[PDB]
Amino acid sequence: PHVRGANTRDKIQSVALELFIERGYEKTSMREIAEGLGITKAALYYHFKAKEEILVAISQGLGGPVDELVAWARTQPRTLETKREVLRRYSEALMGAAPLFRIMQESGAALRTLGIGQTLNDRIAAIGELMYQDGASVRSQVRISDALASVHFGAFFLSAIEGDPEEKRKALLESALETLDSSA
């Protein structure tokens, strides 16, 4: 274990994530993160030069199952049944990023840095590649985009609806599948 290795980098993201959830993203300072590891700010800055860089690295790690989904989806016959299973697995892949959506709702700065971030915007762009219909007109193309966007933004409006998220995730996935079927 080196102070400039990968294990200390992952250890920085873990404590910073805890500091972001409990105390807030905007209220967490780089000094508090360095005090969590017990190292100096110079050792923190070697891996991440800014607080936004830590938040992006957290999104890279919790987006693994999304990258795994793109690998399996690009090896499929590209049918309407294929796009349905991609929408099911995409709803399941976003479970790991649940505390990330919680932070975006708390901090508007965390919302802007991640929403405008190129890495997170590339994930949903890759998922949209499998959802795209070549010969679809305007009506059909908007409805297949509505089915993907409904699952994408699901973690935002499903926050204060009811209690259990699994029942709400299944209901949102069920309603979004019907909009996908509306492409006809």
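Numbering starts at 1 and runs along the sequence shown.
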property: Per the entry, higher mean C-alpha B factor between 113-121 and 28-36; result: 113-121
property: Higher-B stretch (mean Cα B-factor, as the entry records it), 37-45 or 129-137; result: 129-137
property: Third of the chain's Cα B-factor distribution that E22 belongs to, per the entry; result: middle
property: Entry-reported Cα temperature factor of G108, expressed as the chain third it lands in; result: lowest
property: Chain thirds of CA B-factor: placement of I161; result: highest
property: B-factor third for the C-alpha atom of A176 within its chain; result: middle
property: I144 CA temperature factor, ranked by third within the chain; result: middle
